[PDB]
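This report refers to the structure that appears directly beneath it.
Protein chains: 2
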Amino acid sequence: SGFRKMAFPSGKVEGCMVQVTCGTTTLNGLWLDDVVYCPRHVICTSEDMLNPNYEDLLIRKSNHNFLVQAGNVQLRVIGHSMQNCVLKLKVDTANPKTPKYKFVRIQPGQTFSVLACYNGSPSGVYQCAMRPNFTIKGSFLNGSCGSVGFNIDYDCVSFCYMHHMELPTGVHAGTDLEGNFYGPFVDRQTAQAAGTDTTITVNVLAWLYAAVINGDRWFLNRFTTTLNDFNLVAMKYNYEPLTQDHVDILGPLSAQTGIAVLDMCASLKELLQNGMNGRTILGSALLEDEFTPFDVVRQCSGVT
Amino acid sequence: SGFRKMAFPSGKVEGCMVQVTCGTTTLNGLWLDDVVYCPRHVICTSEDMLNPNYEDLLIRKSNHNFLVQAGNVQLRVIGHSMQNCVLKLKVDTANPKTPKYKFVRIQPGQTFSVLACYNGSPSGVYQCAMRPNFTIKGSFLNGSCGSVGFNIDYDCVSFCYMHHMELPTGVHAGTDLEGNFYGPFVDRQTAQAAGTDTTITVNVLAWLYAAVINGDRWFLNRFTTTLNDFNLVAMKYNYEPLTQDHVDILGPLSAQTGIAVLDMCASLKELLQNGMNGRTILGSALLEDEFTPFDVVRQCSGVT
Ligand SMILES: Cc1ccncc1NC(=O)[C@@H]1CCC2(CC2)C1
Ligand SMILES: Cc1ccncc1NC(=O)[C@@H]1CCC2(CC2)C1
């Protein structure tokens, strides 16, 4: 019993973190096999950030200009290429600690763990969600660029995020491991609109099931609703519209608890319309949307 | 910018986790040097749990009865001893992945990361606080016993907690690494009173400083208070009384922000008396007490 915002064990990712320096900028790199991946803005200076011409800046760099250090040992760079917003530094040594891994592009609403790093060293790990507007609300200071987000299925690490930018609003933006930004963002020090965000409805429902499983039941009511009626409420409260695909993914939790998905929707509807009335659910005084239905099943059954 | 409930990177602890089986019970062990530490209740059966005679149960066991498996390799047990509520299994091989470590007994109100494990395998990591009443609100299912809590200062892991029990209330209890329970708890399946808990005042203040540093300032007011006046409010709201030692520990945050500790206390006083009025602070709709002043300084400065 108990339900926590759990991150994946970060060990497999810790063994991939390196420091990448180019000129006066130092940030983090991800060393997998004989390739080090890092944000391409490692090649910029202060005068560049407003609108860097990355192609031109990269042309003035050679393999020997990229200083890559794994803990205390230096890696020899034998190639460099820019793919979208990431640099790929080919090194002469394959990382002995390379885990089984994949590069995946996550969907908005999905969750992942971030290993925050500075100068190639891990500082901490936390779980978060990719917002519906493709931003993340992380904890990143200058030097954290290149820190990655990932998920782990048994022995395979699926890398889904690499940190690149802090928007003027204090929210975070980054790319998949092929250097494609999530969202409309560009890697430049410019004010950039993040779309209107919404609350991840399917995740709040998953978390309400986690609450029932762990004893927090006060919010269960005698009502039901329909997808149409619920979606009118979700519209008013800036919640993502619920679809049958979302209901289908909540199936395991509905089956375990015996509470029909539309009945749980009616509980969520009443919580949106009436608030928590000074009460809490799983130690929170707000509706938590950072747990997917998969996260709830995994945590509630002790999957390692 | 941004402030998250960050756990320490768990890699150094992951390399110490082993599976310990004795009879029909399997749980987690911590392998450091040539010693495996685990809860002594691994030697119990269902009929024992109500009030196990651990000394008698342990006398019926021999070194060969403790099955210790590190991933896929079996460890040879050459000695066994019970120290308080932990078993120490001497093995013939020192853990090659033993990090620099210490065993520490944390104080109530201090925080630490837990690496939740099942069958010797890590499932996740989360940060929590040792409650003033010596319980922890974790996420532990059957099989998680032996999972540990720790802190990391550069390369040294300070192990402070080993999980033993879930109280009938769903809160968690465990020991230091010498097997001494935190709190009044005994390792038996019996209803056991946890003392009256309180909110960790110094941590809420630290978190209010973290909020100001990251832009959440709406709760700052034109008032001040005294330790005496504040402690009358803290008494009413079941907050720990604030002492000059707590004010002294908040010094770095008071100096960084320019907000005197007693001024921040006046903000906390008004939040306790008036509530949040449907607003949030660092993504929370309640007063968070799971960040120490040290955690706030570390996270706000990117210590690795
Ligand atoms: C200073 C900082 C803090 C946290 N996270 C990231 C950063 N850095 C940035 O956002 C810079 C400015 C724009 C950029 C994309 C090209 C990199
Ligand atoms: C079933 C479970 C779940 C989570 N954490 C722990 C447990 N197990 C226990 O609490 C047992 C019963 C009493 C005990 C101390 C001797 C071990």
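These protein sequences, in sequence, are chains P and R.
Taking full-length UniProt numbering, the leading residue of the first sequence gets 3264, the next gets one more, and so forth.
Taking full-length UniProt numbering, the leading residue of the second sequence gets 3264, the next gets one more, and so forth.
We put the CB at the ideal spot given by N, CA and C, even for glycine.
In terms of side-chain proximity, the C-beta atom of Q3452 (chain R) is found nearer than 7 Å to a non-hydrogen atom of ligand 2. Taking a C-beta cut-off of 8 Å against chain P, none of the residues of the region 3338–3353 of chain R qualify. Inclusion of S3407 (chain P) in the 7 Å shell around ligand 1 follows from its C-beta lying nearer than that to a non-hydrogen atom of the ligand. In the structure shown, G3286 (chain R) adopts coil according to DSSP, grouped into three states.
Between the region 3398–3418 of chain P and the region 3427–3437 of chain P there are three or more inter-stretch CB-CB distances shorter than 8 Å, so the stretches are counted as touching.
Taking 7 Å as the cut-off, one finds no heavy atom of ligand 1 near enough to the beta carbon of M3425 (chain P). Per DSSP, reduced to three states, the secondary structure at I3544 (chain P) is strand. Where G3342 (chain R) is concerned, the enclosing beta strand (DSSP E) starts and stops at 3340–3346.
When the five nearest sequence neighbours on each side are left out, the beta carbons in the same chain lying within less than 8 Å of the beta carbon of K3400 (chain P) are those of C3391, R3394, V3434, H3435, in order along the chain. The C-alpha of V3331 (chain R) lies about 12 Å from the C-alpha of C3279 (chain R). Taking a beta-carbon distance threshold of 8 Å, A3548 (chain P) counts as an interface residue toward chain R. For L3534 (chain R), the CB contacts under 7 Å within the same chain, skipping 5 residues up- and downstream, are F3482, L3550 in chain order. DSSP places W3470 (chain P) in the helix class (H, G or I) of the three-state scheme. Straight-line spacing of the CA atoms in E3503 (chain R) and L3430 (chain R) works out to 23 Å. Around the beta carbon of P3315 (chain P), 16 or more other beta carbons sit within 10 angstroms, so the residue counts as buried. The beta carbon of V3475 (chain P) lies closer than 6 Å to those of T3520 in the same chain, with the five residues before and after it left out.
At least one heavy atom of ligand 1 falls within 7 Å of the beta-carbon of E3429 (chain P). Using a Cβ-Cβ cut-off of 8 Å, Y3389 (chain R) counts as an interface residue toward chain P, since at least one Cβ of chain P sits closer than that to its own. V3349 (chain P) is classed as buried because its beta carbon has at least 16 other beta carbons within 10 Å across all chains shown.
For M3269 (chain R), the shortest separation between its Cβ and any heavy atom of ligand 1 does not lie below 7 Å. Look at the region 3449–3478 of chain P: the residues with a C-beta under 8 Å from a C-beta of chain R are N3477, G3478.
Each of P:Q3452, P:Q3455, P:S3273, P:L3378 was checked against the Cα of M3425 (chain P), and the nearest Cα belongs to P:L3378. Taking a 10 Å sphere around the C-beta of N3358 (chain R), we find 16 or more other C-beta atoms and assign the residue as buried.
In the three-state scheme derived from DSSP, where H, G and I count as helix and E and B as strand, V3377 (chain P) is classed as strand.
The beta carbons of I3341 (chain R) and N3328 (chain R) sit no closer together than 8 Å. Not one heavy atom of ligand 2 lies closer than 7 Å to the C-beta of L3550 (chain R). Taking a C-beta distance under 8 Å as the contact criterion, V3299 (chain R) and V3354 (chain R) qualify as a contact pair. For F3397 (chain R), the Cβ stays outside the 7 Å cut-off from all heavy atoms of ligand 2. Between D3296 (chain R) and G3478 (chain R), the alpha-carbon positions lie close to 46 Å from each other.
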